[PDB]
Protein chains: 4
Amino acid sequence: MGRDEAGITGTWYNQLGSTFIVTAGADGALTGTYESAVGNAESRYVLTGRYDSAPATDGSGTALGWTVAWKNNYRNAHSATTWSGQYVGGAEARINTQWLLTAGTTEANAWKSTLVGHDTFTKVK
Amino acid sequence: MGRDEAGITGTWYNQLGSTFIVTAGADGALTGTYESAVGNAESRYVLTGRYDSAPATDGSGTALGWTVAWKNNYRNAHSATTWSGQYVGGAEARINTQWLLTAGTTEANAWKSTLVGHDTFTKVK
Amino acid sequence: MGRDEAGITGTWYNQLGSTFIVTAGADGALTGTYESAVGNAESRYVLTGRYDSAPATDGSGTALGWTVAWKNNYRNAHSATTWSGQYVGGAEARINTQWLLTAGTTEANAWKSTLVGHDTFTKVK
Amino acid sequence: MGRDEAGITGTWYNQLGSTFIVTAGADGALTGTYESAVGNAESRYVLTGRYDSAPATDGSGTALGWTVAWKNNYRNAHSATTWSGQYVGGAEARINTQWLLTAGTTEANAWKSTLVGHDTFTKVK
Ligand SMILES: [Cu+2]
Ligand SMILES: [Cu+2]
Ligand SMILES: [Cu+2]
Ligand SMILES: [Cu+2]
């Protein structure tokens, strides 16, 4: 019932070799799992997020975002990443994102708490 | 059952006068509503996110993040914000965040799709 | 000859206790020194940057930015910070910035190369 | 006399078709011109910046950054971009950056003052 519900739902892979498994709900919900190929991470982590379920029809992408807190049954990296981006449909469908990864720190170390980067997700690798 | 479940759960206010209403689950879930005092927004929007439910005990903050897609029954701003940050407990409890706000754009306009900023949330105003 | 040449030129202090000493040129140049109160840094480092020497007259701030590479005669932290922001004049003059601090890394570690934060500079402390 | 003085100096092109012309000084200076293929920009703009003139010899990139204020003899976009990144040498030499583009705004509009993105520069197109 959301415009790109089918387009977004499924398995995505980024340039680092990480795996993003998501279900898009009719209501705008994103739920799934994230497995990072890098960093202080092992196996799957819960993710949740939101997307625009009624995007513009003028060729614009579909805005979305999601969060992973880096705690699961195996490890806790005392940190959380949020990806903010847009889904672009078509033959080479993509989710183009920028992300913010904040670590829990002391107040004295808060200036160095947050990494920033960019991930591009595709349906194939 | 999460360490800062009680600390995080409730109503928070930022420097712009926005209102963030959240429930923290034992499992690491964040669910609630966001009302922005600024921008192309009216009333409450659904949010979801994650937090570290077993933070370090060395005085470090608690990593968390959440997403709002700016669609509700009143408006659709074809955009999504993610906040990434940490909760700092104590007498003047705070959630210190940085955020990324991505708009759905054409591919030609994607270079100007994403705003970045920083919000500090407190329990009082 | 630039509108805020006099306003910008001088000594500024941020929330971390760092010291930013700058001269604004008529042509839009920023030159000076930066001393960080935190991180892998000691004493003064060269900075250079640019500002809008003919800002809007509608109450808007003055856009500017500058760079420090963290090499001087004492230390080399193999990294560079850029601050991007605006100068806001008046009785409590401020330079409000966001910054990106990139470390030289191997290609395998490039995903974790860049910190992001925000500094507010004032004329007094 | 700087390790990558020769490597950095010259003409670079990004994924948008913008042109970055830079001279790297022995002392860590970057000077040159920037021509954007997009946005409120026409012709060349002055840039200045800094780079690590004595990088690590362990295969790490070379940290650098620079600023453009978007005022020249043709236009004034009341804004400034800073790029923060690293130079990676070799057969396919690259400068991989993230950037912050701040517009001069009123205090009421400062929350929406800053765009963030990422540019990759190469020696060929
Ligand atoms: Cu619409
Ligand atoms: Cu631990
Ligand atoms: Cu004007
Ligand atoms: Cu070294």
# chains A, B, ... in the order shown; residues from 1 in each chain; ligands from 1
>>> residues_near_ligand(ligand="ligand 2", cutoff="10 Å", atoms="only C-alpha atoms and all ligand atoms", output="list in words")
residues 71, 75, 76, 77 and 78 of chain A; 54, 55, 56, 57 and 58 of chain B
>>> calpha_fit_and_write(fixed="chain A", moving="chain D", output="CSV table (one decimal) with C-alpha atoms, in the first residue's frame")
chain,number,residue,atom,x,y,z
D,1,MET,CA,0.0,0.0,0.0
D,2,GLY,CA,3.0,2.4,0.4
D,3,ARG,CA,4.4,3.5,-3.0
D,4,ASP,CA,7.8,1.9,-2.7
D,5,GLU,CA,6.9,-0.8,-0.1
D,6,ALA,CA,7.8,-3.6,-2.5
D,7,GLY,CA,10.8,-1.7,-3.9
D,8,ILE,CA,12.4,-1.1,-0.5
D,9,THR,CA,11.5,-4.5,1.1
D,10,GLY,CA,14.3,-7.1,0.8
D,11,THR,CA,18.1,-7.5,1.1
D,12,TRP,CA,20.5,-4.7,0.3
D,13,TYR,CA,24.3,-4.7,0.2
D,14,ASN,CA,26.7,-1.7,0.6
D,15,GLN,CA,30.2,-0.9,-0.7
D,16,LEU,CA,31.8,-2.3,2.5
D,17,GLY,CA,30.0,-5.7,2.0
D,18,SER,CA,27.5,-5.1,4.8
D,19,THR,CA,24.0,-6.6,4.6
D,20,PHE,CA,20.8,-4.7,5.3
D,21,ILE,CA,17.6,-6.8,5.5
D,22,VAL,CA,14.5,-4.7,5.7
D,23,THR,CA,10.7,-4.9,5.6
D,24,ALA,CA,8.8,-1.7,4.6
D,25,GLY,CA,5.3,-1.5,6.2
D,26,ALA,CA,2.3,0.2,4.5
D,27,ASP,CA,2.3,2.8,7.3
D,28,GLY,CA,5.9,4.0,6.8
D,29,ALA,CA,7.6,1.5,9.2
D,30,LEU,CA,11.1,-0.1,8.5
D,31,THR,CA,12.0,-3.2,10.5
D,32,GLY,CA,14.8,-5.7,9.9
D,33,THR,CA,18.4,-6.6,10.6
D,34,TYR,CA,21.9,-5.2,9.8
D,35,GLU,CA,25.1,-7.1,9.6
D,36,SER,CA,28.3,-4.9,9.3
D,37,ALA,CA,31.3,-6.2,7.4
D,38,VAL,CA,33.5,-3.8,9.5
D,39,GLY,CA,34.0,-2.5,13.0
D,40,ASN,CA,33.2,-3.8,16.4
D,41,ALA,CA,30.3,-6.0,15.2
D,42,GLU,CA,29.4,-9.6,14.7
D,43,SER,CA,26.3,-11.2,13.2
D,44,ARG,CA,22.9,-9.4,12.9
D,45,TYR,CA,21.6,-6.4,14.9
D,46,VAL,CA,18.1,-5.1,15.1
D,47,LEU,CA,17.1,-2.1,13.1
D,48,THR,CA,14.1,0.1,12.9
D,49,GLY,CA,13.3,3.2,11.0
D,50,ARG,CA,10.8,5.1,8.8
D,51,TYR,CA,10.2,6.0,5.2
D,52,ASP,CA,7.9,8.3,3.2
D,53,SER,CA,5.1,6.0,2.1
D,54,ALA,CA,3.6,8.6,-0.3
D,55,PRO,CA,6.6,10.1,-2.1
D,56,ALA,CA,6.4,12.8,-4.8
D,57,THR,CA,5.7,11.5,-8.4
D,58,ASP,CA,8.0,14.0,-10.1
D,59,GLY,CA,11.0,11.6,-10.3
D,60,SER,CA,12.3,12.4,-6.8
D,61,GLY,CA,13.6,9.7,-4.5
D,62,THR,CA,11.9,8.4,-1.4
D,63,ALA,CA,13.2,9.7,1.9
D,64,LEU,CA,14.0,7.2,4.6
D,65,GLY,CA,16.2,6.5,7.7
D,66,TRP,CA,17.0,3.8,10.2
D,67,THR,CA,18.9,3.1,13.3
D,68,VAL,CA,21.1,0.3,14.6
D,69,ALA,CA,22.3,0.2,18.2
D,70,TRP,CA,25.4,-2.0,18.2
D,71,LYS,CA,24.3,-4.4,21.0
D,72,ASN,CA,23.3,-8.0,20.3
D,73,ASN,CA,23.8,-11.4,22.0
D,74,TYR,CA,27.5,-11.5,20.9
D,75,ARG,CA,28.8,-8.0,21.4
D,76,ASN,CA,28.2,-4.5,22.7
D,77,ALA,CA,30.0,-1.7,21.0
D,78,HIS,CA,28.2,1.0,23.1
D,79,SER,CA,27.3,3.0,20.0
D,80,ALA,CA,24.5,3.6,17.5
D,81,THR,CA,24.4,4.4,13.8
D,82,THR,CA,21.7,6.3,12.0
D,83,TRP,CA,21.5,6.3,8.2
D,84,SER,CA,19.5,9.1,6.5
D,85,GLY,CA,19.0,8.9,2.8
D,86,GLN,CA,16.7,8.2,-0.2
D,87,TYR,CA,15.6,5.2,-2.2
D,88,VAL,CA,15.9,5.6,-5.9
D,89,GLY,CA,14.0,3.0,-7.9
D,90,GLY,CA,14.6,1.5,-11.4
D,91,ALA,CA,16.8,-1.1,-13.1
D,92,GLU,CA,19.8,-0.2,-10.8
D,93,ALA,CA,17.8,0.6,-7.7
D,94,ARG,CA,19.8,2.2,-4.9
D,95,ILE,CA,19.5,3.5,-1.4
D,96,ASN,CA,22.0,6.5,-1.1
D,97,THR,CA,22.7,7.4,2.5
D,98,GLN,CA,24.8,9.5,4.9
D,99,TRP,CA,25.3,8.2,8.4
D,100,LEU,CA,26.2,9.3,12.0
D,101,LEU,CA,27.8,6.8,14.4
D,102,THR,CA,27.8,8.0,18.0
D,103,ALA,CA,29.7,6.2,20.7
D,104,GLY,CA,28.8,6.5,24.4
D,105,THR,CA,31.6,8.7,25.9
D,106,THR,CA,32.4,10.6,29.0
D,107,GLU,CA,31.5,14.3,28.8
D,108,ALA,CA,35.3,15.1,28.4
D,109,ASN,CA,35.4,12.9,25.3
D,110,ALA,CA,32.1,13.9,23.7
D,111,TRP,CA,33.8,16.1,21.1
D,112,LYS,CA,35.2,12.9,19.6
D,113,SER,CA,32.0,10.8,20.0
D,114,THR,CA,30.6,10.9,16.4
D,115,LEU,CA,31.8,9.5,13.1
D,116,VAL,CA,30.2,10.5,9.8
D,117,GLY,CA,30.2,8.7,6.5
D,118,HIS,CA,28.2,7.6,3.5
D,119,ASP,CA,26.9,4.2,2.3
D,120,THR,CA,25.4,3.3,-1.0
D,121,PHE,CA,23.2,0.2,-1.0
D,122,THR,CA,22.3,-1.9,-4.0
D,123,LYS,CA,20.3,-5.1,-4.6
D,124,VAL,CA,23.2,-7.0,-6.0
D,125,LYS,CA,26.5,-8.4,-4.9
>>> select_by_dssp(residues="chain B", states="strand (DSSP E or B)", output="mmCIF file with C-alpha atoms, in the first residue's frame")
data_model
loop_
_atom_site.group_PDB
_atom_site.id
_atom_site.type_symbol
_atom_site.label_atom_id
_atom_site.label_comp_id
_atom_site.auth_asym_id
_atom_site.auth_seq_id
_atom_site.Cartn_x
_atom_site.Cartn_y
_atom_site.Cartn_z
ATOM 1 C CA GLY B 10 9.248 10.410 28.813
ATOM 2 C CA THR B 11 8.960 13.864 27.289
ATOM 3 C CA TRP B 12 11.982 15.825 26.072
ATOM 4 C CA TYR B 13 12.334 19.346 24.650
ATOM 5 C CA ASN B 14 15.067 20.802 22.416
ATOM 6 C CA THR B 19 8.822 17.993 21.691
ATOM 7 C CA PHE B 20 10.140 14.404 21.663
ATOM 8 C CA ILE B 21 7.929 11.834 23.443
ATOM 9 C CA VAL B 22 9.599 8.416 23.723
ATOM 10 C CA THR B 23 9.213 5.030 25.378
ATOM 11 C CA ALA B 24 12.361 2.948 25.843
ATOM 12 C CA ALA B 29 13.525 -0.247 21.280
ATOM 13 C CA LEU B 30 12.566 3.439 21.097
ATOM 14 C CA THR B 31 9.012 4.306 20.069
ATOM 15 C CA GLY B 32 7.064 7.548 20.279
ATOM 16 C CA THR B 33 6.178 10.842 18.633
ATOM 17 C CA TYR B 34 8.005 13.992 17.518
ATOM 18 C CA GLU B 35 6.562 17.466 17.092
ATOM 19 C CA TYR B 45 4.938 12.320 13.665
ATOM 20 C CA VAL B 46 5.777 8.702 14.379
ATOM 21 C CA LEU B 47 9.310 7.906 15.445
ATOM 22 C CA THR B 48 11.210 4.739 16.021
ATOM 23 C CA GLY B 49 14.754 3.996 17.046
ATOM 24 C CA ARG B 50 17.209 2.065 19.183
ATOM 25 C CA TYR B 51 19.376 2.572 22.271
ATOM 26 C CA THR B 62 24.207 5.835 26.468
ATOM 27 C CA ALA B 63 24.253 5.690 22.664
ATOM 28 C CA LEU B 64 20.934 5.985 20.849
ATOM 29 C CA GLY B 65 19.269 7.105 17.656
ATOM 30 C CA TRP B 66 15.885 7.543 16.062
ATOM 31 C CA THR B 67 14.129 8.446 12.831
ATOM 32 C CA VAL B 68 11.149 10.574 11.824
ATOM 33 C CA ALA B 69 9.742 10.498 8.302
ATOM 34 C CA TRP B 70 7.917 13.817 7.849
ATOM 35 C CA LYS B 71 4.590 12.370 6.716
ATOM 36 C CA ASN B 76 4.102 15.368 3.800
ATOM 37 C CA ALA B 77 7.465 17.081 3.564
ATOM 38 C CA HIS B 78 9.034 14.177 1.582
ATOM 39 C CA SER B 79 11.942 13.966 3.964
ATOM 40 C CA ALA B 80 13.317 12.116 6.967
ATOM 41 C CA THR B 81 15.505 13.112 9.893
ATOM 42 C CA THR B 82 17.723 10.800 11.895
ATOM 43 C CA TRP B 83 19.141 11.849 15.243
ATOM 44 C CA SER B 84 22.264 10.059 16.501
ATOM 45 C CA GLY B 85 23.496 10.834 20.005
ATOM 46 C CA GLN B 86 23.858 9.897 23.613
ATOM 47 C CA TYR B 87 21.809 10.127 26.769
ATOM 48 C CA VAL B 88 23.630 11.603 29.757
ATOM 49 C CA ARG B 94 20.375 15.509 28.486
ATOM 50 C CA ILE B 95 20.189 13.819 25.137
ATOM 51 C CA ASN B 96 22.943 15.367 22.970
ATOM 52 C CA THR B 97 22.443 14.681 19.271
ATOM 53 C CA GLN B 98 23.585 15.404 15.762
ATOM 54 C CA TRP B 99 21.081 14.905 12.940
ATOM 55 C CA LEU B 100 20.788 14.335 9.201
ATOM 56 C CA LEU B 101 17.659 15.501 7.346
ATOM 57 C CA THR B 102 17.423 14.044 3.809
ATOM 58 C CA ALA B 103 14.810 15.237 1.313
ATOM 59 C CA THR B 114 20.840 16.598 3.104
ATOM 60 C CA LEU B 115 20.890 19.092 5.980
ATOM 61 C CA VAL B 116 23.002 18.519 9.104
ATOM 62 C CA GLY B 117 22.595 19.981 12.555
ATOM 63 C CA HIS B 118 22.665 19.380 16.277
ATOM 64 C CA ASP B 119 19.878 19.272 18.891
ATOM 65 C CA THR B 120 20.195 19.131 22.672
ATOM 66 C CA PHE B 121 17.185 17.700 24.513
ATOM 67 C CA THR B 122 16.348 18.367 28.159
#
>>> select_by_dssp(residues="chain B", states="helix (DSSP H, G or I)", output="number ranges by chain")
B: 5-8, 107-112
>>> write_last_selection(atoms="C-alpha atoms", output="compact mmCIF listing (two decimals), in the first residue's frame")
# COMPACT_ATOMS: atom_id res chain seq x y z
CA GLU B 5 14.96 2.58 30.33
CA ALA B 6 13.39 4.79 33.02
CA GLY B 7 15.82 7.68 32.40
CA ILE B 8 15.10 7.89 28.66
CA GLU B 107 19.28 12.65 -9.07
CA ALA B 108 20.41 16.08 -10.41
CA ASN B 109 19.55 17.70 -7.04
CA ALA B 110 20.90 14.93 -4.75
CA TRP B 111 24.03 16.95 -3.91
CA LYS B 112 21.73 19.40 -2.01
